[PDB]
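Residue numbers (the authors' numbering), protein chains in the order written: chain A, 440 to 446, 463 to 483, 508 to 666, 718 to 786, 806 to 896, 898 to 927, 958 to 1027, 1043 to 1092; chain B, 806 to 896, 898 to 927, 958 to 979; chain C, 1070 to 1092.
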Amino acid sequence: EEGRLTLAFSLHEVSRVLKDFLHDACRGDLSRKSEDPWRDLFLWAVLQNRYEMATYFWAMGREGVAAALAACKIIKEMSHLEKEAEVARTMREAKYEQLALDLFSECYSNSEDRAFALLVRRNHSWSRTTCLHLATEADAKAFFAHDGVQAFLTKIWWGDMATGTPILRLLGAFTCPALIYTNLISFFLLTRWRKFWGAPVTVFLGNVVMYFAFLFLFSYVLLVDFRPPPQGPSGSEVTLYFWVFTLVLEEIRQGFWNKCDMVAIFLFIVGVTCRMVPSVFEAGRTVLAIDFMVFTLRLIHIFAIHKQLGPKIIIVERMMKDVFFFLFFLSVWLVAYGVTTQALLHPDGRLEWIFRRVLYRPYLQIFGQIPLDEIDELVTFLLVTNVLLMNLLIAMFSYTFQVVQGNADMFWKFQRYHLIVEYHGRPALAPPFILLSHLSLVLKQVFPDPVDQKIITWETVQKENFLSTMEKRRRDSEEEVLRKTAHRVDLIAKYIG
Amino acid sequence: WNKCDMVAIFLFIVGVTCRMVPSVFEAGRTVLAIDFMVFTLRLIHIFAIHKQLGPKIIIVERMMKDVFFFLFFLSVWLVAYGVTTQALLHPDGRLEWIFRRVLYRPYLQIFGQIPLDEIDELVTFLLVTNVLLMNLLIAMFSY
Amino acid sequence: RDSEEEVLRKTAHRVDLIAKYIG
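Okay, structure coming up:
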């Protein structure tokens, strides 16, 4: 109807439905036989939700996982668009991701090298795109949890001695630029240089070093920023122009914890604006002071790369939201207790001193600062009630995170993939050298078939092997065997009678 | 423990060498001082013989490696908090005193030493964030 | 030998054989 208004089915019509759904760089004689009929029929069967016919159509499909993931995306699309909630759920119970994962596991166990070539492949049946682009497009989280995925991620993460690389040895070798030529650590001069300085792990190490050095230098310069005659000294502007510009440039370029990212962006602009105003020196310092914890906060999340520190941050992100109101209520209770002891302890007229003796003194009493010279010229029940409240506070967190950790594992796997692809797409240069890298990029802007087919065939073989295996398992199903044998018993008994 | 064995062997030789030099008396004492904890460290592992104390040391050896970077990051955060309160609290020129008021005073504040005569003429959010970080630290080892 | 699952499978096979014989 929209097509007729802009000018009952047509080829362009269904092609537009496609483009609307896969949202990929894929477009499109009634007598002309259409290439790859199996793809088309499988597509329709998914659209018509003809599950079994769809799986069969796939059974002759050429490239399994690509089609399976595209289908998964398409059902994830339709299930929400479905009006009938029960029909929506029955749609949402397709689980093609399981089938794609199984096929990929089989091709993994078989070769684990041709399997990788499969994973990094271009499917003409799907407008020549890599399967990973599909998984991203389809949010194939569970598939990402597969060992082959993480394996290829690790391989693209290193590129030189990926499986084995001691952390203490990697850093010691990076310390000297000729360790690769020294052959002490695994890796003509320009080639080895580009290799040692073109790897995602190396870009990560370099960016982390630059970030730590920036965080330290700016903290040191905050001392001079503390007492300049006007708000904001020269060195502060130096470090600003040297780091903030590059950081914001890289961030906006990538764009064109998330609440933490937002307050991070905001505090720096607020600090720049406060430094613009010399009259408010106290504010010109306080804004930057509140800001500077941002880089540490960001750094914290920057620690999810390696296995052990991985899940923790994820788990930390899990309990990040619920902790707010709990701490709010606990602080309300503590403030009530402080006001109570302050009132009973002594029957004033000072704002700063009133707020101080109301909040800092009892807070420091929790921190071992009990000035009896200023306090001493039910309460035990209050202490035990506070102890019980603390016990409940501890027992909440100690029992809550255990449940989330399960899904948090696969979620961290996903986030690790994100970080890896980002670092790979991240320019190798450090934030100071990022200026030179962006300048070089701007200047540059100013200035097979047989092996692929063999892998296709091998993969299809793997598919039929897995199918025959599943079928033989279904045959040997002990419960079905017992039921069929009972039926045969009943038949033979009726015959004997 | 084998790294502990290595540093054990090394510290004693370093102490003997420092004692050979009489000019560096402060060093001649400091090396032996850093050393002497070695025998206790070794003794600790010497306690795996009998049933109950058996597994513990083993478990202790398990979490020995991962604890390093975690404590490093936690110390970085604590140092950041100390520098923040030190900056906001007071706008110097002393090396020893600067490092002291930067590291020992906030460390002793965790240990019940809060000299309000030298501190008093968001922060609650900072305290609860530290509490949550400590909860995560505990829940890591406990699980 | 006394494996209950294998016993059940072999007995089912014997059932099928005896049923084919009765037919």
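Where is the CB? At the ideal position from N, CA and C, for every residue including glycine.
Looking at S606/A, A641/A, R600/A, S584/A, the one whose alpha-carbon comes closest to that of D626/A is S584/A.
In this structure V843/A is not in contact with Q761/A, their Cβ atoms being roughly 19 Å apart against a cut-off of 8 Å.
Under a 10 Å Cβ-count criterion, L446/A is classified as exposed, with fewer than 16 other Cβ atoms of the shown protein chains found around its own Cβ. For the pair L914/A and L922/B, the CB atoms are nearer than the 8 Å cut-off. Partner residues in the beta bridge of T608/A, as assigned by DSSP, are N602/A.
Residue range 871 to 894 is occupied by the alpha helix (DSSP H) that includes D871/A. Secondary structure of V829/B (DSSP, three-state): coil. Under the 8 Å criterion on CB atoms, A892/B is classed as interfacial with respect to chain A. Counting every other CB atom within 10 Å of its CB across the protein chains shown gives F874/A a total below 16, marking it as exposed. Within the stretch 853 to 884 of chain B, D871, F874, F875, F878, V881, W882 place their CB atoms closer than 8 Å to a CB of chain A, listed in sequence order. When C-beta distances to chain C are compared with 8 Å, the residues of the stretch 1047 to 1078 of chain A below that value are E1073, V1076, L1077, in chain order. In the structure shown, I851/A adopts coil according to DSSP, grouped into three states. For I1087/A, the enclosing alpha helix (DSSP H) starts and ends at 1073 to 1091. In the three-state reduction of the DSSP assignment, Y535/A falls in the helix class, which pools H, G and I. Closest in alpha carbon position to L879/A, among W806/B, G899/B, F961/B, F877/B, is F961/B. CA-CA distance, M869/B to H850/B, rounds to 13 Å. Burial is judged here by how many other beta carbons sit within 10 angstroms of a residue's own beta carbon; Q919/A has at least 16 and is buried. By the criterion of a C-beta distance shorter than 7 Å, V908/B is surrounded in its chain by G887, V888, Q891, once the five residues flanking it on both sides are discounted. Here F1027/A carries a coil assignment [DSSP, helix/strand/coil]. The straight-line gap separating the alpha-carbon atoms of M811/B and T845/B is approximately 15 Å. Under the three-state reduction of DSSP output, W637/A falls in the coil class, being neither helix nor strand.
For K856/B, no alpha helix (DSSP H) encloses it, and the DSSP letter there is neither H nor E. Contact with chain B is found for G918/A, since one of that chain's Cβ atoms lies less than 8 Å from the residue's Cβ. Under the Cβ distance rule, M842/A counts among the residues neighbouring chain B, one pair being separated by less than 8 Å. Residues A1010 of the same chain have their beta carbon placed closer than 7 Å to that of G736/A, with the five preceding and five following residues left out of the count. Closest by C-alpha distance to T835/A, out of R757/A, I1014/A, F476/A, is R757/A. Contact between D898/A and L837/A does not hold, since the beta-carbon distance rounds to 35 Å and is not under 8 Å.
Secondary structure at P1045/A: helix, using DSSP grouped into helix, strand and coil. Contact between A480/A and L613/A is absent: CB atoms are separated by about 12 Å, not below the 8 Å threshold. Assignment of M842/A by DSSP, reduced to helix, strand and coil, places it in the helix class. Interface with chain C (8 Å Cβ-Cβ cutoff): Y979/A is excluded. For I1091/A, the chain C residues whose C-beta falls within less than 8 Å of its own C-beta are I1091, listed in chain order. In this model, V768/A and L747/A are separated by some 11 Å (Cα to Cα).
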